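Participant: Can you read through this structure? Questions will come right after.
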Amino acid sequence: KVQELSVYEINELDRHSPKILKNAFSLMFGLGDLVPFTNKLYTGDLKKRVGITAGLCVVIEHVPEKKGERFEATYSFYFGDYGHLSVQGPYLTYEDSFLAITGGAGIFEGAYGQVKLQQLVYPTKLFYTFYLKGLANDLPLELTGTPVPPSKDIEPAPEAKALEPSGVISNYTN
Amino acid sequence: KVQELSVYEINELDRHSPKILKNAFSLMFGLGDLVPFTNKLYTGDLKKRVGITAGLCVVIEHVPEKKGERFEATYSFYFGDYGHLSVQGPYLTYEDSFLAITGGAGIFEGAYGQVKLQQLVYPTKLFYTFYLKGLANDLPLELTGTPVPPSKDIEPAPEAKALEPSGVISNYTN
Amino acid sequence: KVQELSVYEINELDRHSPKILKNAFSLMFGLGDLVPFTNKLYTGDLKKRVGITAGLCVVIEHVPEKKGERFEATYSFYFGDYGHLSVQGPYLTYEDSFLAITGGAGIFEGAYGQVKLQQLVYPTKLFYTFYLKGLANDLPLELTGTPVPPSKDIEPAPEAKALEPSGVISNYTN
């Protein structure tokens with residue numbers, strides 16, 4: 001059985017991220033370029049800060065026909081004391097994609113399946129829907145509030161941005 | 001339970017790959033050297049272009065007694081409209097290895113198991129057999145044609161090299 | 001069914017590891033810094049050399065309040081002819097963590113679950129406890145001996161450090 005889990009990834013530009021290592025044959029992004037990154041992670045309902053994303057985008061090619069890039073991404077999603085989910089697969093700056101769920105820890109131990117990545121605002125706002133299989137238990141309620149429908153205009157709740165107790169999960173990852 | 005899927009990975013020298021990021025203090029490959037790469041991917045029967053490989057080889061050590069290198073590889077295999085498979089493990093230029101199937105997406109959602117990598121012609125031709133478990137359905141027939149036995153002089157079908165509809169899968173990855 | 005497996009990872013300073021690829025604009029570790037690494041791997045009881053670890057640590061942030069770093073790690077554990085385990089997740093220099101088991105090969109084909117990482121000496125001695133699901137068979141007895149109590153003072157058996165037949169597994173990874 002699938003448990004859907006949605007999250008918002010936001011680059012608030014206060015984590016030194018992205019760091020672009022530019023090595024390619026080309027002026028534009030190309031093979032050789034590496035982009036270590038880490039962004040903030042909020043619940044799908046945008047009410048709470050949960051943690052961070054962390055990992056590496058490997059540039060594969062520039063896609064001039066689509067005015068964008070293909071990356072191959074290896075990274076994790078951190079949910080404070082709940083644990084983390086890890087993923088591998090395509091990040092395309094110009095369209096939605098699906099990544100493999102490579103595993104998890106904590107409540108996410110045994111996780112498998114795929115996750116849909118939707119870019120909302122390039123490069124600062126992304127929305128994910130994990131189609132989670134293999135979990136030992138029902139996901140905690142504070143993570144499964146009805147998601148805010150994805151649009152360019154979404155914002156984390158002000159109390160979550162401000163890191164107030166009501167706007168964070170316990171020991172949210174930073 | 002297990003569905004065998006074989007593919008040929010071929011470097012046709014037209015994707016700027018591999019890109020060597022040199023950091024080891026050695027004329028040979030060494031720890032510190034990073035190799036982002038992307039090659040073309042064909043069906044096991046060599047009749048169709050399916051997509052590409054994409055990811056990163058991390059050099060671990062030069063192995064002089066084996067006249068080759070040990071890499072640690074993290075990458076994906078793209079199958080056009082069907083989805084992708086992701087892997088992690090040893091790439092040894094000097095001998096066959098098995099990598100872990102970390103997951104998949106699309107028709108490969110839920111994939112697990114191991115994949116045999118056969119070093120056919122260094123570095124331009126590699127042959128893989130995925131021992132796929134966890135798939136929802138039987139693989140599409142166009143992916144499971146009897147593989148061409150691996151040998152040094154294998155070549156994709158001319159229709160596949162030329163990207164004719166008869167020689168590609170739909171939305172083959174490029 | 002869960003099988004527990006513990007191993008010690010030791011940097012014996014003879015594998016050119018770690019290699020620091022410095023890209024952050026600070027004397028301290030920061031986003032942009034990449035650390036390819038490979039250490040030796042011994043049984044939990046420290047009687048036998050089994051192989052190596054191999055992969056990449058991506059620096060995510062310096063954590064000044066904890067006098068340490070957060071890495072995001074992608075790597076494998078090699079057990080000679082037995083195969084390997086692959087992992088994805090957090091390495092925090094200042095506290096224990098859990099990483100996701102992304103898959104395996106050989107006797108570890110089908111492996112999933114999570115692994116505890118405990119740092120004993122930064123960066124030269126670490127102790128792991130894998131909580132392994134999905135294995136086809138019981139772990140071999142030579143891998144499941146009672147672990148030596150974890151501390152800063154642990155050392156491999158002299159036969160294992162010296163690579164004597166009684167102190168190594170069959171075709172231990174090097």
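Identifiers in this document derive from the order of the structure tokens: chains are assigned A, B, ..., residues are numbered from 1 separately in each chain, and ligands are numbered from 1 in order of occurrence.
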Mind checking which residues fall within 12 Å of region 161-172 of chain C, counting only C-alpha atoms, ignoring those fewer than 4 positions away in the same chain, and posting them as number ranges by chain?
Facilitator: C: 10-12, 40-43, 45-53, 77-84, 140-143, 155-157
Participant: Which residues in chain A does DSSP call strand (DSSP E)? List them as an MDAnalysis selection string.
Facilitator: chainID A and resid 3:10 34:37 40:43 49:63 68:78 83:92 97:106 112:121 125:133
Participant: Have a look at CA of residue 17 (chain A) and CA of residue 74 (chain A) and let me know their distance in Å, one decimal.
Facilitator: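 Value for the CA of residue 17 (chain A)-CA of residue 74 (chain A) distance: 15.6 Å.
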Participant: Nearest to chain B among C:95, C:153, C:14, C:109, with distances taken over only C-alpha atoms: which residue is it?
Facilitator: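 Checking each of C:95, C:153, C:14, C:109 against chain B, counting only C-alpha atoms, the winner is C:109.
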Participant: Step one, run DSSP on the backbone; step two, keep only residues of chain B assigned to helix (DSSP H, G or I); then write them as a PyMOL selection string.
Facilitator: chain B and resi 64-66+80-82+141-143+158-161+165-167
Participant: Keeping only N, CA and C atoms, take the residues you just selected and write them out as a short mmCIF file (atom, residue, chain, number, x, y, z; two decimals), in the first residue's frame.
Facilitator:
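In the end it all went to out-v7.cif:
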```cif
data_model
loop_
_atom_site.label_atom_id
_atom_site.label_comp_id
_atom_site.auth_asym_id
_atom_site.auth_seq_id
_atom_site.Cartn_x
_atom_site.Cartn_y
_atom_site.Cartn_z
N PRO B 64 47.58 -1.43 -10.06
CA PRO B 64 48.61 -1.76 -11.07
C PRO B 64 48.73 -3.25 -11.40
N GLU B 65 48.52 -4.12 -10.42
CA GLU B 65 48.63 -5.57 -10.68
C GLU B 65 47.51 -6.10 -11.57
N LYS B 66 46.44 -5.33 -11.70
CA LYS B 66 45.31 -5.68 -12.56
C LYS B 66 45.25 -4.83 -13.82
N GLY B 80 13.73 6.09 -22.00
CA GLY B 80 12.71 6.89 -22.69
C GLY B 80 11.45 7.04 -21.86
N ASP B 81 10.30 6.77 -22.48
CA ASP B 81 9.00 6.94 -21.85
C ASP B 81 8.75 5.95 -20.71
N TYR B 82 9.55 4.90 -20.63
CA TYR B 82 9.31 3.84 -19.63
C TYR B 82 9.75 4.17 -18.21
N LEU B 141 7.78 -6.14 -24.45
CA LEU B 141 8.49 -7.06 -25.34
C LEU B 141 9.66 -6.41 -26.06
N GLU B 142 9.52 -5.14 -26.42
CA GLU B 142 10.58 -4.47 -27.16
C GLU B 142 11.86 -4.29 -26.35
N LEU B 143 11.76 -4.46 -25.03
CA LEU B 143 12.95 -4.43 -24.17
C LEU B 143 13.55 -5.80 -23.88
N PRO B 158 21.82 -0.60 -37.57
CA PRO B 158 21.98 0.69 -38.24
C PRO B 158 20.80 1.64 -38.02
N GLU B 159 19.58 1.09 -37.94
CA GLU B 159 18.38 1.89 -37.65
C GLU B 159 18.40 2.57 -36.28
N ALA B 160 19.01 1.90 -35.31
CA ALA B 160 19.15 2.43 -33.95
C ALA B 160 20.21 3.52 -33.89
N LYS B 161 21.35 3.29 -34.54
CA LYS B 161 22.40 4.32 -34.64
C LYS B 161 21.90 5.58 -35.35
N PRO B 165 12.59 5.67 -36.45
CA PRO B 165 11.55 5.19 -35.54
C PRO B 165 11.59 3.68 -35.26
N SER B 166 11.88 2.87 -36.27
CA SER B 166 11.99 1.42 -36.08
C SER B 166 13.15 1.02 -35.15
N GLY B 167 14.10 1.93 -34.95
CA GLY B 167 15.29 1.66 -34.15
C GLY B 167 15.37 2.42 -32.84
#
```
Participant: Suppose you want the space between CA of residue 71 (chain A) and CA of residue 58 (chain B); what is it in Å?
Facilitator: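 The value is 16.9 Å.
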Participant: Residues of chain C that approach chain A to 8 Å or less, counting only C-alpha atoms: could you list each one with the shortest pair of atoms and its distance in Å to one decimal, rows by chain and increasing residue number, as JSON lines?
Facilitator:
```
{"residue": "C:23", "atom": "CA", "partner": "A:21", "partner_atom": "CA", "distance": 7.7}
{"residue": "C:31", "atom": "CA", "partner": "A:19", "partner_atom": "CA", "distance": 6.5}
{"residue": "C:32", "atom": "CA", "partner": "A:19", "partner_atom": "CA", "distance": 5.6}
{"residue": "C:58", "atom": "CA", "partner": "A:55", "partner_atom": "CA", "distance": 6.7}
{"residue": "C:60", "atom": "CA", "partner": "A:54", "partner_atom": "CA", "distance": 6.6}
{"residue": "C:72", "atom": "CA", "partner": "A:55", "partner_atom": "CA", "distance": 5.9}
{"residue": "C:88", "atom": "CA", "partner": "A:86", "partner_atom": "CA", "distance": 6.5}
{"residue": "C:89", "atom": "CA", "partner": "A:76", "partner_atom": "CA", "distance": 6.5}
{"residue": "C:98", "atom": "CA", "partner": "A:105", "partner_atom": "CA", "distance": 6.3}
{"residue": "C:99", "atom": "CA", "partner": "A:105", "partner_atom": "CA", "distance": 6.2}
{"residue": "C:100", "atom": "CA", "partner": "A:104", "partner_atom": "CA", "distance": 4.7}
{"residue": "C:101", "atom": "CA", "partner": "A:103", "partner_atom": "CA", "distance": 6.2}
{"residue": "C:102", "atom": "CA", "partner": "A:102", "partner_atom": "CA", "distance": 5.1}
{"residue": "C:103", "atom": "CA", "partner": "A:102", "partner_atom": "CA", "distance": 7.9}
{"residue": "C:112", "atom": "CA", "partner": "A:110", "partner_atom": "CA", "distance": 6.3}
{"residue": "C:113", "atom": "CA", "partner": "A:110", "partner_atom": "CA", "distance": 5.3}
{"residue": "C:114", "atom": "CA", "partner": "A:105", "partner_atom": "CA", "distance": 5.5}
```
Participant: Write out as a tab-separated table (two decimals) with C-alpha atoms, in the first residue's frame each polymer residue whose atoms come within 10 Å of residue 122 (chain A), counting only C-alpha atoms; drop sequence neighbours fewer than 2 positions from it.
Facilitator:
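The resulting file, result09.tsv, is reproduced below:
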```tsv
chain	number	residue	atom	x	y	z
A	11	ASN	CA	15.84	27.82	-1.34
A	93	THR	CA	15.22	22.37	-14.83
A	94	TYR	CA	12.51	22.64	-17.50
A	119	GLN	CA	9.46	22.81	-10.13
A	120	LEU	CA	7.28	25.78	-9.23
A	124	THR	CA	13.84	28.43	-5.43
A	125	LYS	CA	10.56	26.47	-5.02
A	126	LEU	CA	9.95	22.77	-5.62
A	152	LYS	CA	4.25	29.80	-8.10
```
Participant: When you draw a straight line from CA of residue 144 (chain A) to CA of residue 5 (chain A), how long is it in Å?
Facilitator: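 These two atoms are separated by 6.4 Å.
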Participant: Determine the nearest neighbour of residue 123 (chain C) from the options C:137, C:146, C:6, C:39, counting only C-alpha atoms.
Facilitator: C:39
Participant: Can you tell me which residues surround residue 128 (chain A) at a distance of at most 7 Å, considering only C-alpha atoms, apart from same-chain residues fewer than 2 positions away, and format the answer as a JSON list (two decimals) with N, CA and C atoms, in the first residue's frame?
Facilitator:
```json
[["chain", "number", "residue", "atom", "x", "y", "z"],
["A", 6, "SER", "N", 3.79, 14.59, 0.75],
["A", 6, "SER", "CA", 4.19, 15.75, -0.03],
["A", 6, "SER", "C", 4.97, 16.72, 0.82],
["A", 7, "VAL", "N", 5.99, 17.33, 0.21],
["A", 7, "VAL", "CA", 6.81, 18.34, 0.87],
["A", 7, "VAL", "C", 7.17, 19.47, -0.07],
["A", 8, "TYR", "N", 7.46, 20.64, 0.50],
["A", 8, "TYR", "CA", 7.97, 21.77, -0.27],
["A", 8, "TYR", "C", 9.43, 22.01, 0.05],
["A", 115, "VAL", "N", 9.22, 9.19, -6.52],
["A", 115, "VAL", "CA", 8.79, 10.51, -6.05],
["A", 115, "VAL", "C", 8.69, 11.43, -7.25],
["A", 116, "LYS", "N", 7.60, 12.19, -7.31],
["A", 116, "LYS", "CA", 7.40, 13.17, -8.37],
["A", 116, "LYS", "C", 7.97, 14.52, -7.94],
["A", 117, "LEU", "N", 8.81, 15.09, -8.79],
["A", 117, "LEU", "CA", 9.42, 16.40, -8.57],
["A", 117, "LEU", "C", 8.74, 17.39, -9.51],
["A", 118, "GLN", "N", 8.17, 18.45, -8.93],
["A", 118, "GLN", "CA", 7.57, 19.54, -9.71],
["A", 118, "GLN", "C", 8.28, 20.85, -9.38],
["A", 126, "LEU", "N", 10.28, 24.07, -5.05],
["A", 126, "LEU", "CA", 9.95, 22.77, -5.62],
["A", 126, "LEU", "C", 8.94, 22.05, -4.75],
["A", 130, "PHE", "N", 6.04, 11.96, -2.68],
["A", 130, "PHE", "CA", 6.60, 10.62, -2.50],
["A", 130, "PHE", "C", 5.46, 9.62, -2.50]]
```
